[PDB]
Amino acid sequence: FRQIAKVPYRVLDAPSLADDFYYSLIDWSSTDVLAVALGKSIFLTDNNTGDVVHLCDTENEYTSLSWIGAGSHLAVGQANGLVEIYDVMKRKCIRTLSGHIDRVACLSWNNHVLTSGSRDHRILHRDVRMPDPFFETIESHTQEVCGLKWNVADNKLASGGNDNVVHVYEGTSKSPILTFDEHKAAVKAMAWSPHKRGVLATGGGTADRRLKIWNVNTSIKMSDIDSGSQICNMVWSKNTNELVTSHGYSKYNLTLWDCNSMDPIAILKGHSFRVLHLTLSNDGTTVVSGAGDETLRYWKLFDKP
């Protein structure tokens, strides 16, 4: 019940930005650097400078990225299953991690643990200080793993597959402690509440369209709402108890949710391709969205704390 601008305050040209549901190629670091994968290249923008850096190319295709906790290093996955880590200050590739035998669509950090999920059906836990490509392997999906989010505060991982299943794991553990398989479609968009430990948001794809909120560790679906379009990405507000979902078929919007009541506060329009790529600014004020319409849009949605 508060005012929220209906037009982005910045629009960047993002040529070659993928229009593939399973990718999420846009990440805003804790050091305020936006990382974006455009086709075979990765670009960085300093939000403070407006500076643009072009690190790394590949003959392959870039397929996932995730900033390290501290924002000093960027993790990068490829269509051929390769995962690499970049020292952003040095602009050099710090290390080259094997293990996957097919594209790595999603990555997630828990301090020194990097975790990758692939279209082989595997998730891999990797000690990033260690010389080993990986220390634990998890095969609990029967199709592509396309969502992966660490809690860090809670020591909890969520995974979401093209098999419509969601798993929750306690730390680095091989077996999930919980399985939610209600969704009728791919689960790529998921988010943990930073305001309340053990609360997980999950969103379904075309045939499902549902936003569900789970109280993990009590095992209760607190909420379940037909969002009326394919959910492609997701972000929990840091500065407010609100959720932003981004949409595919057949409504290319972002919708801003209240959470207390599970009601839409606002619907943000403009994209002419599915809003596949999404990320929240480090100060929590801004959400950037991206689509195969080759634009990145900056939405001022929240206040200071």
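Residue numbers here begin at 1 and follow the sequence given.
Higher mean CA temperature factor, per the PDB entry, when comparing 82-90 with 197-205: 82-90.
Look at the C-alpha B-factors of 292-300 and of 18-26. On average they run higher in 292-300. As recorded in the PDB entry, 250 shows the highest C-alpha B-factor of the residues 63, 66, 279, 250. Among the modelled residues of the chain, residue 130 sits in the highest third by CA temperature factor in this PDB entry.
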